[PDB]
Amino acid sequence: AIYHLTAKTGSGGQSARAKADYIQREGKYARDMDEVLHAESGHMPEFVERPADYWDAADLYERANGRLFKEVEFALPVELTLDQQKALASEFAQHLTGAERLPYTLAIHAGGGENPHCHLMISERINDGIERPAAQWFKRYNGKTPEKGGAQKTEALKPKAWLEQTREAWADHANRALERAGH
Ligand SMILES: [Mn+2]
Ligand SMILES: [Mn+2]
Ligand SMILES: [Mn+2]
Numbered sequence: 405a406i407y408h409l410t411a412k413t414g415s416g417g418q419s420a421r422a423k424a425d426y427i428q429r430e431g432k433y434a435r436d437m438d439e440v441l442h443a444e445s446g447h448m449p450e451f452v453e454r455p456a457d458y459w460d461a462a463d464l465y466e467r468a469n470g471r472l473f474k475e476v477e478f479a480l481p482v483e484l485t486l487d488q489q490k491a492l493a494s495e496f497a498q499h500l501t502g503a504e505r506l507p508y509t510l511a512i513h514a515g516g517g518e519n520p521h522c523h524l525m526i527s528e529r530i531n532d533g534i535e536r537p538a539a540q541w542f543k544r545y546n547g548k549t550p551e552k553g554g555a556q557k558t559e560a561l562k563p564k565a566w567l568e569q570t571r572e573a574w575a576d577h578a579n580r581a582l583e584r585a586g587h
């Protein structure tokens, strides 16, 4: 079957922290988590103690005309069990952020019960393993001396072909998961 996937960037009055708290049902929404079946983040730099700490910095330090994150949304196969959905979502997140270790946060939602879906926000900053304070992470990159500037930005999510290529990738992933699940 077809599992539609869409995507958009957040710079108008978009707040990374608010978005992260909403999809994970954290913070103010801590008293309404039934909609969240799973949540996970990855590739977070050392200064981050909690995923939200990364989004807080992004909101407090990224320049106005900067890309706070790329939000991706995709439906999950209903036949799959929750564990199978968890593995699939994680697997696909790695597919999009694993090469360049782009920090990300994803959450799986129980759309009613007939429409399970996944929200995934990707930070377009390359984690090179070099420690940088929160106030320095989003500064401009310094090619000559990486440790003295911000994390380098990635252009991998900007190409025009990226959307359909991601859809084809998601399809290949969902399909693969379905067959080895018996379906
Ligand atoms: Mn892959
Ligand atoms: Mn990884
Ligand atoms: Mn949702």
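Take any residue in the sequence shown, note its place counting from 1, add 404, and you have its number in our numbering. From the three backbone atoms N, C-alpha and C, an ideal C-beta is built for every residue, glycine too.
- Under the three-pair Cβ rule at 8 Å, the segment 573-584 does not count as touching the segment 545-562.
- For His521 and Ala443, the gap between their C-alpha atoms comes out near 12 Å.
- Residue environment for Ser415: exposed (fewer than 16 other C-beta atoms within 10 angstroms of its C-beta).
- A Cβ-Cβ contact shorter than 9 Å links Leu582 with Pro481.
- In this structure, the CA atom of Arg584 is about 19 Å from the CA atom of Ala479.
- If you draw a straight line from the Cα of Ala456 to the Cα of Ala538, it comes to about 12 Å.
- The Cβ-Cβ distance between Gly417 and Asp425 does not fall below 9 Å.
- For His447, the three-state secondary structure derived from DSSP is coil.
- Here the distance from the Cβ of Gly515 to the nearest heavy atom of ligand 3 is below 8 Å.
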